[PDB]
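Residue numbers (PDB author numbering), protein chains in the order written: chain X, 220 to 283; chain W, 4 to 194; chain 0, 157 to 245, 247 to 623; chain 3, 9 to 145. Data first, discussion second: the structure below is written as structure tokens.
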Amino acid sequence: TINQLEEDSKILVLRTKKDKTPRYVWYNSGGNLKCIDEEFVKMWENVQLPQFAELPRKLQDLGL
Amino acid sequence: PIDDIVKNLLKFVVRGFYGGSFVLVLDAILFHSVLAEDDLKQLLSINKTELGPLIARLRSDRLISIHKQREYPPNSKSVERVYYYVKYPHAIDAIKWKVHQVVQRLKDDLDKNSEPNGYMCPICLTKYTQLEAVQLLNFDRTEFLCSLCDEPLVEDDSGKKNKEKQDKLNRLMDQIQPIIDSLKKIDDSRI
Amino acid sequence: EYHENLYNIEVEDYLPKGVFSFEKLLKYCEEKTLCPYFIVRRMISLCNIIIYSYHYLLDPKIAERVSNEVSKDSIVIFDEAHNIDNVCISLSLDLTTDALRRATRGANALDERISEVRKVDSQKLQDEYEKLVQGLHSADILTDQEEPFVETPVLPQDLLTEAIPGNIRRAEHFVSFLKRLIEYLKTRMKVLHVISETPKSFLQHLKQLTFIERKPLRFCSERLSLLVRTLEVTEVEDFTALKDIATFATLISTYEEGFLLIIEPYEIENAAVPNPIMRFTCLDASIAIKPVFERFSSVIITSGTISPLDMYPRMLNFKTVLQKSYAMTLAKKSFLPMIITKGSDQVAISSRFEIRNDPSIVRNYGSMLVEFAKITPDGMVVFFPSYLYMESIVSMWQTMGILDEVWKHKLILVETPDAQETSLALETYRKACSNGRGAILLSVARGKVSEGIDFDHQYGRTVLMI
Amino acid sequence: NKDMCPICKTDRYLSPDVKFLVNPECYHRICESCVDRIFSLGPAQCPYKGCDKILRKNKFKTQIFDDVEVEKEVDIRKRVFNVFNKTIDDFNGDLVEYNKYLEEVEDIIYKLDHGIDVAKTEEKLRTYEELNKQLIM
Ligand SMILES: [Zn+2]
Ligand SMILES: [Zn+2]
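In structure tokens form, the structure reads like this:
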């Protein structure tokens, strides 16, 4: 039932899939949403953060 | 205020395109701005490899600028705690740029698109483009050979990329009602 | 339900003989169930002396029903008309784009209304077209016993013409160009900077960005007036804005070269935000003055504070006869004027310096006030050049230990921008003055307090012009 | 849809520099990014689900008042007041007729403009083609 109402409907913290998923207080709206492509999330991870307040320019530089 | 939305928006992304446990470190240190590091560790009561990589994201996104909450120890010695003084502006600033970058991974990708212009000889496994083809074309062979392979070519990028980009378009749409809207919901005041 | 029973009995001759002040009128009309608003409105035709706001004599959309019985050549009295000028400026018109946007949908709400009804009951609308194709339709373009929706923003139903609005005779033609209008306005709304446009200069400019013509432009209001008159809508708040457009349209159709449209892109007080003010305004008071002034030579003006007697003949160009300043005869003091240019430190005290705190003056001003607050018996008011300017003084004084000390002696009442709170506060201030323990009031000279209210002995013993 | 391209949904938040254009063929909200990409190649269909109006990038244009009902009517008027500029009211002068001819032209325009059943407008378009001859005549 931790992952039965999954996608944060029943959220819990799987400490490991060998340790009965020792959880914390977990509840969210989307929560995981693993349907997002991991590579895209990796590509999302692949976005490197530039430096300081020039980044406030850099976002305006990037069209944000 | 929007500050709650700021924390609210942080929860959404850290739960939209992040795992569930990502928001646990959010709320815990969101309870009190200047918080002792162990308190979150204590209440979660979890290992340091179940906390370390999560700490990575908090500073990898710079969302939790863990201020060295130095205290006055009773023994007259070193005292400090990782109190995540959230840098709300700077955190999102990269995020917006981060968002933009993935859109670039779609805004560029629009040219990787529907109708086939290039060619490729599978036998050499090497792509070619139109101008090569007409350069490689012949009065006799109305179709293309492959100087490397002497082999007829095949079109490319027709189905996959068109099909690909639409998928990310929805993924780009996946952020529309999400963060970007709520981001504009920050742009109302930009505090 | 009174205007029926009022019509039942009232409108053949007056109630018996009284000059029924509101004190007498409000009661007396209640007993016989009258909303005397119509009693006077019918009695327009009767009374041998009349009293109303200068607007009712000057505001052409209300100063329109002028009749020879009510006007022809009798005697004119302008009392306390020192501020008449600003009243004539009436022809004021600024454009709340936010309200304007609601008008667009209201225009669409009109657009839908005319379309939907032209689907259903278009014959009488065509009959209205036939009520139009005849000509000006003076029978019901002017005479409407309880109908007239839009007022006459133009002068009292004079500055018009007779040639029909050509095509616009068709409301569908008419409705369309109205959308051209607002969109043009909406187009003009978002100028980056402040822009000032003379009407004629704007005139062809209208035609430039959208080929509209001035001749129809005036016709809008009446054309609108009949239009809504034909469709008995459930609300006007949308359509107030609508008629204002027409009102604007009429106005901009109407006058020139004494009047001008300016659009600041915002209110610079909180500048760098979108709130442009397509302000088109009157500039010369005399122009609105001229007509009634043109009528009768038995025109008389007097304020308790006319000074100097030149600007008004200057500004209004009008042709006076005698302007005598009346030295009040006193065998005694009877009052005291004073001038405090400098404080005890002989430091000149001012307001032109800034809206800000040159801490010398205000700290000096705390003294000035408090010592006066001490000495006088109950009843004292002070005035300030501007509300928020006053706000500074108070706030800083509140911080200082000044206020509590005067709180020991008297009672303090501020002025508010809202009238309601003020109106409450004032009567109390009266009560404290009337009652024993002393009080004090603060307000602003440009304020509504300075315009209407009066201050007698107990109610006023000392004033202060900060 | 208010400020994002109906094709790629690039919000004016996300592309503040987005510049919307529409075509007289269909008057479609769209960003220029698509516009160029769509018709940098040449005459093809509009990139709308349900639009097979073949149209060309030179015919593209910029809305002014966003009222595609007025603007088309404005265009209709613009189309009219280009050729139906040959209308006679001042050239006519007769206050009723100058009213009528304006009413007539506007009725001709409104027929095209009201557009609810615009085939008498097409008949008026024949009359407008006749006007193309009558503005010639
Ligand atoms: Zn090959
Ligand atoms: Zn697009």
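Using N, Cα and C, we set each Cβ at its ideal position, and we do this for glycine too.
key: Interface partners of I230 (chain X) on chain W, CB under 7 Å   = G23
query = If we ignore side chains and look at the alpha-carbon of each, how far apart do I200 (chain 0) and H159 (chain 0) end up?
reply = 15 Å
request  = Under 7 Å Cβ to Cβ from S382 (chain 0), same chain only, skipping five residues before and after it: list those, please.
outcome  = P305, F306, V307
Assumed close pair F416 (chain 0), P356 (chain 0) - CB separation to whole angstroms, cut-off 8 Å = 6 Å
Where the beta strand (DSSP E) containing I69 (chain W) begins and where it ends = 69-71
query = What are the residues of the segment 311-330 of chain 0 that lie near chain 3, defined by any Cβ-Cβ distance shorter than 7 Å?
reply = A320, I321, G323, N324, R326, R327, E329, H330
query = Counting pairs of beta carbons, one from the segment 321-340 of chain 0 and one from the segment 371-380 of chain 0, are three or more of them closer than 8 Å?
reply = yes
task = Consider the Cβ of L63 (chain 3): report whether some Cβ of chain W lies at a distance smaller than 7 Å.
result = no
query = Cα separation between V76 (chain 3) and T18 (chain 3)?
reply = 21 Å
message = Can you look up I206 (chain 0) in the DSSP assignment and give me helix, strand or coil?
response = coil
message = Give me the chain W residues within the contact set of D227 (chain X), using Cβ-Cβ distance strictly less than 8 Å, ordered along the chain.
response = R18, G23
request  = With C124 (chain W) as the anchor, note down where its beta strand (DSSP E) starts and where it stops.
outcome  = 122-124
task = Please determine if the segment 438-447 of chain 0 and the segment 455-462 of chain 0 are in contact, where contact requires at least 3 C-beta pairs separated by less than 8 Å.
result = no
inquiry  = Less than 7 Å between the C-beta atoms of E158 (chain W) and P119 (chain W), yes or no?
reply    = yes
Beta-carbon proximity of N265 (chain X) to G23 (chain W), cut-off 7 Å = no
inquiry  = Distance check for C203 (chain 0) and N161 (chain 0), CA to CA, integer angstroms please.
reply    = 21 Å
inquiry  = When you compare the segment 394-403 of chain 0 with the segment 280-297 of chain 0, are there three or more beta-carbon pairs, one atom per stretch, that lie closer than 8 Å?
reply    = no
message = Let me check you understand the geometry: is the CB of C149 (chain W) closer than 6 Å to at least one non-hydrogen atom of ligand 1?
response = yes
query = Assuming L335 (chain 0) contacts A264 (chain 0) under a Cβ cut-off of 8 Å, what Cβ separation, rounded to an integer in Å, is found between them?
reply = 6 Å
ask   = Taking Cβ-Cβ distances shorter than 8 Å, what residues in chain W pair up with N247 (chain X)?
value = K14, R18, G23, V26
request  = Could you please give me the residues that DSSP links to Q53 (chain 3) through a beta bridge?
outcome  = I62 (chain 3)
Reference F510 (chain 0); option with closest CA among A484 (chain 0), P542 (chain 0), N474 (chain 0), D502 (chain 0) = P542 (chain 0)
inquiry  = Does the contact criterion of 3 or more C-beta pairs under 8 Å hold for the segment 73-88 of chain W versus the segment 102-110 of chain W?
reply    = no
query = At a Cβ cut of 7 Å, what residues of the segment 101-112 of chain 3 count as close to chain 0, listed as they run along the chain?
reply = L103, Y106, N107, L110, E111
ask   = Should the segment 81-95 of chain 3 be regarded as contacting the segment 55-66 of chain 3, the criterion being three or more beta carbon pairs within less than 8 Å?
value = no
task = May I ask you to list, following chain order, the residues of the segment 125-147 of chain W that have a beta carbon less than 7 Å from some beta carbon of chain 3?
result = none
inquiry  = Beta carbons nearer than 8 Å to chain W: which residues of the segment 32-60 of chain 3 have them?
reply    = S41, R45
The segment 172-188 of chain W in contact with the segment 12-26 of chain 3 per 3-pair CB rule at 8 Å = yes
query = CB-CB under 7 Å to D215 (chain 0), same chain, minus the five flanking residues each way: which ones, in chain order?
reply = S247
query = Which one of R197 (chain 0), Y184 (chain 0), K183 (chain 0) has the shortest CA to CA distance from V167 (chain 0)?
reply = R197 (chain 0)
key: Segments of 3+ residues assigned as beta strand (DSSP E) that fall wholly inside the segment 432-513 of chain 0   = 434-439, 456-459
message = Going by the DSSP bridge assignment, what does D169 (chain 0) pair with across the sheet?
response = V167 (chain 0)
query = Comparing the C-beta of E114 (chain 3) with each C-beta of chain 0, is any distance below 7 Å?
reply = yes
query = For ligand 1, is there a heavy atom less than 6 Å away from the beta-carbon of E146 (chain W)?
reply = no
inquiry  = Which of the three DSSP states is assigned to residue 246 (chain 0) in this structure?
reply    = In the model shown, chain 0 runs from 245 to 247 with nothing in between, leaving residue 246 (chain 0) without coordinates.
message = Against chain W, with Cβ distances strictly below 7 Å, would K277 (chain X) count as a contact?
response = yes
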